[PDB]
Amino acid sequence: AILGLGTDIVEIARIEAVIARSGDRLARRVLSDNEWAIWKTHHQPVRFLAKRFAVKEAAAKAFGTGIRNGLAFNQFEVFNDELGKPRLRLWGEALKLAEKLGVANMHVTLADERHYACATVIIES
């Protein structure tokens, strides 16, 4: 029943340094068009981006494919449900891959301390 498992850890100060070197580049690689617009106006953009990077990198690793099946970051996004829990929403080729794998349930968890954000994703049939 478990189709894949993924984890990530992000050092928030490293993302801050990346933004200072190359501006919006990291945000546009990692965020969807929708999420990019929220980062542009967020009050804690570095922490927002660090936590999203953690979730989306964990989700990409959970899907677990090489370049042949690229779950590009620009075809899925994270949102919070009514309880504040992170949830994944997929479209385009990202959603097509989930259908091909027979993904029936996705589990997402995220935590952050001052200096690090960590996330785990499990996809299941």
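From 1 onward, residues are counted along the sequence shown.
32 to 40 and 51 to 59 differ in mean CA B-factor, and the higher of the two is recorded for 32 to 40. As recorded in the PDB entry, 61 to 69 is the stretch of 87 to 95 and 61 to 69 with the greater mean C-alpha temperature factor. Within the group 25, 14, 114, 107, the record's highest C-alpha temperature factor is found at 25. Ranked against the other modelled residues of its chain, the C-alpha B-factor of residue 103 as given in the entry falls in the middle third.
Annotation for residue 10: CA B-factor lies in the lowest third of the chain's modelled residues.
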